[PDB]
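Presented as structure tokens, the chain that follows is alone, the form deposited in one PDB entry.
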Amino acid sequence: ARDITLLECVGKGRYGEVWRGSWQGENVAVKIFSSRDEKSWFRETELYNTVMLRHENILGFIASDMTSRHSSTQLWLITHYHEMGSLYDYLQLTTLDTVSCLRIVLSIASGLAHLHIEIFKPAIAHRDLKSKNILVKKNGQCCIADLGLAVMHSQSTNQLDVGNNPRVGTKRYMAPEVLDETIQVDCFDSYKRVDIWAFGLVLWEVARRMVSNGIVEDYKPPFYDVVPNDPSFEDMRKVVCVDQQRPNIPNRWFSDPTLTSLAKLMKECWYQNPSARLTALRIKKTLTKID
């Protein structure tokens, strides 16, 4: 059985559309790519051909299809379906206790460290980490989605595959070295460091929604207060590179041991010097020790 039924659109954008569908009675997500984003479809297909990629905190792959008759091409990616939707969605309708906040950020760190670390599976940098690319599971863990911009590297064979996708990361989550275009494009470690920056921004988005002493912040995206709505590449460069802005730590976090620890972590994701930033493994280890 390969028959798939499309039930409802759960997402529409420049990237294409995502549909909740049914396959052998089980929900599946079906991403239909815009022809503009054919290189992401191909790159995502290459990444999911890695057999050790499979991980509880990585969106689980089912199939990839390129179909064509005459001059018309369809590009499908079929994955497991997460009915609670993205972290970005989830954070806007719920506050978190300490246990939920740490389960979410530890699971994202565990997924990110699984991507970053070579197994003797190539080491993989994501390059578009953001709360819309993180899905919430019913067990309270998250999984990382969208490997369309991913870079691969094996130290074992001295291979670096940066792909040929002209797509760039989400402007709001771009590291300073990405915004000022100084990033070392033939250095694998540069791409892991951009992920750590983005992860710091996701930590901040999540921590704002953890209640302490009866106080919580509203859901906001990174840099909500310092850039125009729908910020341009230049808008983000101004705040991150010229103004040296970082997300503000609400003073109320400093009364809570958990939020104090998370504030320290996210600040170690945000050094302008990329080599100063924590590794995904160090972040995983710190979050394992926090309670």
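Basically, rigid core = biggest C-alpha set you can superpose within 1.5 Å across the two forms. Position 1 is the first residue in the sequence shown; the rest follow in order.
- Across the other entries compared, at least a third leave residue 161 without coordinates even though the residues on each side are present.
- Notably, residue 70 is an intermittent gap: at least a third of the other compared entries of this protein, restricted to those modelling both its neighbours, have no coordinates for it.
- Higher mean CA temperature factor, per the PDB entry, when comparing 160-168 with 76-84: 160-168.
- Per-stretch averaging of Cα B factors for 197-205 and 137-145 places 137-145 on top.
- The top Cα temperature factor in the record, among 108, 211, 124, 93, falls on 93.
- Remark: of 69, 252, 43, 55, 55 shows the highest value [criterion: C-alpha B-factor in the PDB entry].
- In this PDB entry, the Cα temperature factor of residue 118 sits in the top third of its chain's modelled residues, the highest group.
- Per-chain ranking of the deposited C-alpha B factor places residue 36 in the highest third.
- For residue 12, the recorded CA temperature factor ranks within the highest third of the chain's modelled residues.
- Among the modelled residues of its chain, residue 65 has a C-alpha B-factor that falls in the lowest third, as given in the PDB entry.
- For residue 226, the recorded CA B-factor ranks within the middle third of the chain. Only modelled residues enter the ranking.
Here the subject shifts to the form deposited in another entry, a form of this protein not shown in this document.
- Taking the core as reference between the shown form and the other one, the lone member of 57, 245, 258, 50 whose Cα moves by 2 Å or more is 50.
- In the core-superposed comparison between the shown form and the other one, the C-alpha atom of residue 139 has shifted by less than 2 angstroms.
- With the core held fixed, residue 71 shows a CA shift of 2 Å or greater between the shown form and the other one.
- The distance between the CA atoms of residue 104 and residue 50 is at least 3 Å longer in the other entry than in the form shown here.
- Whereas the shown form places them at one spacing, the Cα atoms of residue 136 and residue 50 lie at least 3 Å farther apart in the other entry.
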